[PDB]
Amino acid sequence: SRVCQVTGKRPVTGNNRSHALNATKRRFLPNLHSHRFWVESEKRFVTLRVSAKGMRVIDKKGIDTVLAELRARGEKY
Amino acid sequence: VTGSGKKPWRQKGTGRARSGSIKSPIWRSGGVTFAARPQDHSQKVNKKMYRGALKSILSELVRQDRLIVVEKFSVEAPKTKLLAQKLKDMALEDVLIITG
Amino acid sequence: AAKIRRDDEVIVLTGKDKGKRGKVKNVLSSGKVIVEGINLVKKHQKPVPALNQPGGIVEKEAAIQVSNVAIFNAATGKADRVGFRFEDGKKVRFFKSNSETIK
Amino acid sequence: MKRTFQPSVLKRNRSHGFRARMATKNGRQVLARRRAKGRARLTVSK
Amino acid sequence: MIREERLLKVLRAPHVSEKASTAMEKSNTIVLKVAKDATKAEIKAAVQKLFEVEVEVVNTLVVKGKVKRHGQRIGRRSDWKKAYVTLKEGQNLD
Amino acid sequence: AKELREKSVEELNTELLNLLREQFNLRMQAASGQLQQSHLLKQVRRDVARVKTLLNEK
RNA sequence: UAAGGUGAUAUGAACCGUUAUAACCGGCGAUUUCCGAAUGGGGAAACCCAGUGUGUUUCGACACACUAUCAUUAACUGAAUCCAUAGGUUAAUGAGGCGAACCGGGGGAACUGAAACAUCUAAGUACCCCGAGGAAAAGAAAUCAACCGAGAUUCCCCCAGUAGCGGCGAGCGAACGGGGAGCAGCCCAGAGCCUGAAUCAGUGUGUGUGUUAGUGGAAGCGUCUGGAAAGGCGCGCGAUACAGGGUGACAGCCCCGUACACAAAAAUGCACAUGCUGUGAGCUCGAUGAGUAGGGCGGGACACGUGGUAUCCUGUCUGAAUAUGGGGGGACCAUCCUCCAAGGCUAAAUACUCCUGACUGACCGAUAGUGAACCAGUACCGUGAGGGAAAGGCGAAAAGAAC
RNA sequence: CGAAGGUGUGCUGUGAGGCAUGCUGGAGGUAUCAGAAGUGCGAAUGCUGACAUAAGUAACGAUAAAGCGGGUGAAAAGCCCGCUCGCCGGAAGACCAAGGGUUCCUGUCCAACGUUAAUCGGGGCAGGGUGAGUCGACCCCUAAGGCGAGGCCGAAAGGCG
Ligand SMILES: [Mg+2]
Ligand SMILES: [Mg+2]
Ligand SMILES: [Mg+2]
Ligand SMILES: [Mg+2]
Ligand SMILES: [Mg+2]
Ligand SMILES: [Mg+2]
Ligand SMILES: [Mg+2]
Ligand SMILES: [Mg+2]
Ligand SMILES: [Mg+2]
Ligand SMILES: [Mg+2]
Ligand SMILES: [Mg+2]
Ligand SMILES: [Mg+2]
Ligand SMILES: [Mg+2]
Ligand SMILES: [Mg+2]
Ligand SMILES: [Mg+2]
Ligand SMILES: [Mg+2]
Ligand SMILES: [Mg+2]
Ligand SMILES: [Mg+2]
Ligand SMILES: [Mg+2]
Ligand SMILES: [Mg+2]
Ligand SMILES: [Mg+2]
Ligand SMILES: [Mg+2]
Ligand SMILES: [Mg+2]
Ligand SMILES: [Mg+2]
Ligand SMILES: [Mg+2]
Ligand SMILES: [Mg+2]
Ligand SMILES: [Mg+2]
Ligand SMILES: [Mg+2]
Ligand SMILES: [Mg+2]
Ligand SMILES: [Mg+2]
Ligand SMILES: [Mg+2]
Ligand SMILES: [Mg+2]
Ligand SMILES: [Mg+2]
Ligand SMILES: [Mg+2]
Ligand SMILES: [Mg+2]
Ligand SMILES: [Mg+2]
Ligand SMILES: [Mg+2]
Ligand SMILES: [Mg+2]
Ligand SMILES: [Mg+2]
Ligand SMILES: [Mg+2]
Ligand SMILES: [Mg+2]
Ligand SMILES: [Mg+2]
Ligand SMILES: [Mg+2]
Ligand SMILES: [Mg+2]
Ligand SMILES: [Mg+2]
Ligand SMILES: [Mg+2]
Ligand SMILES: [Mg+2]
Ligand SMILES: [Mg+2]
Ligand SMILES: [Mg+2]
Ligand SMILES: [Mg+2]
Ligand SMILES: [Mg+2]
Ligand SMILES: [Mg+2]
Ligand SMILES: [Mg+2]
Ligand SMILES: [Mg+2]
Ligand SMILES: [Mg+2]
Ligand SMILES: [Mg+2]
């Protein structure tokens, strides 16, 4: 699925309003990529389905902190 | 009336009437047309109206002497035949004993 | 706690055989007891050739209710209605009329 | 004619059988709607 | 080896028939109504050890019971195994 | 039951050994035309029941 | 606990048993083949085929135990390469499915009404799916209030169909504030203190009080009809028992129970007291939870819908001060009031009844009551999901008609 | 010493109606007064259950065909036996895999079943009847195709592999 493996984003629904305001359902898919990210405390790489915001998040905090929240959250790396 | 909303048969065609359900409220084992729910029945009467009713009932008992007044009336043992024989030799039949 | 038992001499209270006396033979806990020589009712046995049951009329006693009879105490010769008490660590039934402990 | 019911046991046990009702999660509800009204012929296995 | 609880519990009755008496009198054979869980390697090991009779072969089958209509009820009898068991030449059971 | 209620398992070995055979002889006479009594079967079945009860305890 | 029993259809048969191992009787341990989450693989479900180990072995076959899968821990052999990692191979603990209703998270529809229909209504209604429970969701101030104040949510009645929203059409619909049930506050974002200090019991005890069997428990006779007194007439009797049912028809005193007052060897609940498997109160110091509030873009929730719109949740893009500070007070500033998110927990007032015991009905008596008063989810009809009926009455006791 | 329900008979009001007794019937029911209604039937091609007419009338389901003597039986066109006649003979003869599940054989019964009669039966009851190293299923191996550890991808269901 869309397991945004940093911040946990999820496809939410909503509407498709017209300009007579006629409405139908839709989805809101999150931005993802598939990054082979580079960590220093093991001197190798790790696959990740990060989001668009998570790429900002990771270089703001650090990568070992993301490993620390991840392996205690339970979902793998 | 447990069944389902399916028709017995289609409407036009065979020479019968336009049936509608197996829960049909004019059929045998059908429904009830105006069935009633678990309800209440207590009305409301006023404070003034209730006390006026009490003042109205406290008058014909005086004018017909079915109310009588006695100061002391009791017994000193939990035994019912004592009140039975007390009412016997007091010579009353149907009494409403109101204590204080 | 059986107020009437299987081997006692019992009097019929009411019904067709009121006042009459006789012994009970055996007992059913559906509310019916065989009391001997009281209600002679007819029966027409069917003659089968097996086990030599030749048929003929049989006048047999009828069962009757426990709550239509009461014990026949010769200390009163009347209607005795059995009660209960405890002597020597066992339930012993006594007579609630004329106060005789059944022993 | 060639009528509607043409019987076959090895098709009936694979179409309307218990192990046909097994894997489909929408069919476990069907068995749970026959048990919870209590029919004798639960499925057409024999 | 086979244990005496099964060896004793496996037989159920000897059967009687106009068909049975012929195999009794011609071939020195017994006609046993046996329980359903009997095997040929075990019926022989029971009647050999217990009854002191020399036996070699068992020919099993299964009789199925009929449907009997009890008024407005219906019912069907039960599965019971038969066995035509031929004894060796020289034993007669009483 | 009060005889067996104290007894040892090495007695119960030979007792079961003869007991099942007595049940078998009893049932084969129930099959044949000698047994005309209808209680010894019910006796011997509960006889095996009462010792298979205690065989777990001892 | 007691003279009766071996269930009924539905009667015979050999029977046990009479002063207590006859059976119904409550609790405690042991028995529960195969199918089904089916778990050793497989399967058209009640069938088939095997392995390792401990067994004896009339060389002859049987007995028993073990073994799926992932969640998490330890080991041990550990690839591409030496260390590194995937990866297997065990061992331990945990998890699978099940069923009425209520709760709450992800989604999410129509005829209908507007007298047409598209904004809107029907409605976050039906239905799918997921979760934890006997409760759950919250919840203890970036609330509200007008410069007087109230002090968390929850939950009932009002203010009210009013001020709002609305092809200002159909309809949607609050709050402030008051009156009630109930009210308990708390610890994490620590370098040094008292040394096992309240606290919660998951626990050691027994008591009170149930609960799963029980026990006693009052008090009438003659007569008039009748096949039959329970009726009709007399004179009685018990009532901390006139609730009811039954016996040949309407009974307080013929049977059971009813008022009352006792009973448990085992096992257990709820309130209690006491060292317990682990508790750190209290006490000085402090720090005050960052890709976070906000802003732009399209929707959804707030009674707010081709708005002058506060506020909160987020898909995407940029995102600071940090207590001097930051928010809110129905656009917006200026002036004051009020309170500190980005880390959680918490009793009761609140809903429902497949299931257990009792009691009640200005509820209905076999076309009425659930669909089913009787072997009803059945015979039957449909290949399947699924739909689904007709049908009670002798008698006081069968004594059921010998011949 | 006879209640409801049914049944008839006089009698009475403006009407919905009311009154008692003859008969059957064998445990129940009601005054005046006020109180709650699942409260009144002919119609809805209305619903479920029973009974008429049409009418003892058309039909008795291949136009392959039967006749007579004997047995049994309360009476034989149909049953058993006997011998004249006929019909299929690539079927309507002799067997199995499908599918049904005692319909198979042996006694006994004629009430319903059988499109008639009925002793006969595929009908009712009861008893017997299905024997494998070699023949069919499991079994070793697959084809289409199903599931599918890990794996990949979807909101959960799950979708492929
Ligand atoms: Mg729309
Ligand atoms: Mg962070
Ligand atoms: Mg439909
Ligand atoms: Mg009906
Ligand atoms: Mg109804
Ligand atoms: Mg009586
Ligand atoms: Mg065979
Ligand atoms: Mg019995
Ligand atoms: Mg298995
Ligand atoms: Mg399996
Ligand atoms: Mg295999
Ligand atoms: Mg629509
Ligand atoms: Mg429309
Ligand atoms: Mg319209
Ligand atoms: Mg909570
Ligand atoms: Mg203040
Ligand atoms: Mg009593
Ligand atoms: Mg009692
Ligand atoms: Mg802070
Ligand atoms: Mg933001
Ligand atoms: Mg804004
Ligand atoms: Mg936007
Ligand atoms: Mg905000
Ligand atoms: Mg303002
Ligand atoms: Mg907080
Ligand atoms: Mg009905
Ligand atoms: Mg009737
Ligand atoms: Mg059918
Ligand atoms: Mg008369
Ligand atoms: Mg009448
Ligand atoms: Mg009348
Ligand atoms: Mg009567
Ligand atoms: Mg009567
Ligand atoms: Mg009555
Ligand atoms: Mg009519
Ligand atoms: Mg009309
Ligand atoms: Mg009509
Ligand atoms: Mg007609
Ligand atoms: Mg006619
Ligand atoms: Mg005519
Ligand atoms: Mg004609
Ligand atoms: Mg002739
Ligand atoms: Mg002819
Ligand atoms: Mg020819
Ligand atoms: Mg030809
Ligand atoms: Mg037949
Ligand atoms: Mg025959
Ligand atoms: Mg006929
Ligand atoms: Mg005939
Ligand atoms: Mg035949
Ligand atoms: Mg037949
Ligand atoms: Mg052979
Ligand atoms: Mg072969
Ligand atoms: Mg393939
Ligand atoms: Mg697959
Ligand atoms: Mg998988």
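Points to keep in mind about this one:
- Only listed residue being of a type in the set (D, E, K, R) and either within 16 Å of RNA strand H (Cβ to nearest atom) or not in a strand (DSSP E or B) (or both), chosen from C:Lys25, C:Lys3: C:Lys3
- Condition check for C:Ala74: loosely packed, with under 13 Cβ neighbours inside 10 Å and touching a residue at least 40 places away in the same chain (Cβ under 8 Å): no
- Tabulated pairs, region B:1-22, first aromatic (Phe, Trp, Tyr), second in a loop (DSSP other than H, G, I, E, B), C-beta under 9 angstrom, 6+ apart or interchain: B:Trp9/B:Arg16; B:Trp9/B:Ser19
- Count - residues of region A:12-50 that are basic (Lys, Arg) and in a loop (DSSP other than H, G, I, E, B): 5
- Applying the criterion of being away from every other protein chain (no Cβ under 14 Å) and more than 14 Å from E:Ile2 (Cβ to Cβ) to the residues of region E:27-51, the residue that is nearest to ligand 1 (Cβ to nearest atom) is E:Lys36.
- Residues of region A:1-59 satisfying the condition of being polar (S, T, N, Q) and within 16 Å of ligand 1 (Cβ to nearest atom): A:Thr13, A:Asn15, A:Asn16, A:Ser18, A:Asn22, A:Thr24
The rows are residues; the columns are (1) in contact with a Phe, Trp or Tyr (Cβ under 7 Å, 6 or more places away or on another chain); (2) in contact (Cβ under 8 Å) with a residue 60 or more places away in the chain; (3) away from RNA strand H (no atom under 12 Å from the Cβ).
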position: E:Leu8; (1), (2), (3): yes, no, yes
position: E:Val16; (1), (2), (3): no, no, no
position: E:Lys26; (1), (2), (3): no, no, no
position: E:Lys33; (1), (2), (3): yes, no, no
position: E:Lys40; (1), (2), (3): no, no, no
position: E:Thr60; (1), (2), (3): no, no, no
position: E:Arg69; (1), (2), (3): no, no, no
position: E:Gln72; (1), (2), (3): no, no, no
position: E:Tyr84; (1), (2), (3): no, yes, no
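- Within region D:14-24, the presence of a residue that is assigned to a helix (DSSP H, G or I), without any contact (Cβ under 8 Å) to a residue 40 or more places away in the chain and β-branched (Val, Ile, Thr) is excluded.
- Subset tally (residues that are aromatic (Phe, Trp, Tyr), more than 24 Å from A:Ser1 (Cβ to Cβ) and within 6 Å of RNA strand G (Cβ to nearest atom)) for region A:11-70: 0
- Counted residues, region D:31-46 - those being assigned to a helix (DSSP H, G or I) and surrounded by 12 or more Cβ atoms within 10 Å (Cβ to Cβ): 2
- Selection from region E:15-26 of residues that are in contact with a strand residue (DSSP E or B) (Cβ under 6 Å, 6 or more places away or on another chain) and either within 14 Å of chain F (Cβ to nearest Cβ) or not hydrophobic (A, V, I, L, M, F, W, C) (or both): E:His15, E:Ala20
- For the criterion of being touching a strand residue (DSSP E or B) at 6+ places or on another chain (Cβ under 6 Å), part of a loop (DSSP other than H, G, I, E, B) and more than 16 Å from ligand 7 (Cβ to nearest atom), A:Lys9 passes.
- Hits in region D:19-46 (condition: farther than 28 Å from B:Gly3 by Cβ and touching a helix residue (DSSP H, G or I) at 6+ places or on another chain (Cβ under 9 Å)): D:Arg19, D:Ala20, D:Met22, D:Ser45, D:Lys46
Every residue, every condition in (1) of a type outside the set (S, T, N, Q); (2) under 23 Å from the mean Cα position of the chain (by Cα); (3) in a loop (DSSP other than H, G, I, E, B), yes or no:
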{"position": "B:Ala17", "(1), (2), (3)": "yes, no, yes"}
{"position": "B:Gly20", "(1), (2), (3)": "yes, no, yes"}
{"position": "B:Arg28", "(1), (2), (3)": "yes, no, yes"}
{"position": "B:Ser56", "(1), (2), (3)": "no, no, no"}
{"position": "B:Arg63", "(1), (2), (3)": "yes, no, no"}
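- Selected residue (criterion: nearest to the chain's Cα centre (by Cα)) from residues of region F:1-54 that are part of a helix (DSSP H, G or I), more than 14 Å from chain E (Cβ to nearest Cβ) and of a type in the set (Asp, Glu): F:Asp47
- Checklist (1) surrounded by fewer than 12 Cβ atoms within 10 Å (Cβ to Cβ); (2) in contact (Cβ under 8 Å) with a residue 12 or more places away in the chain applied to E:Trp80, failing item: (1)
All Cβ positions, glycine included, derive from the backbone under ideal geometry; neighbour counts span all protein chains shown. The numbers here are math on the coordinates, done by the rules we state, and not lab data.
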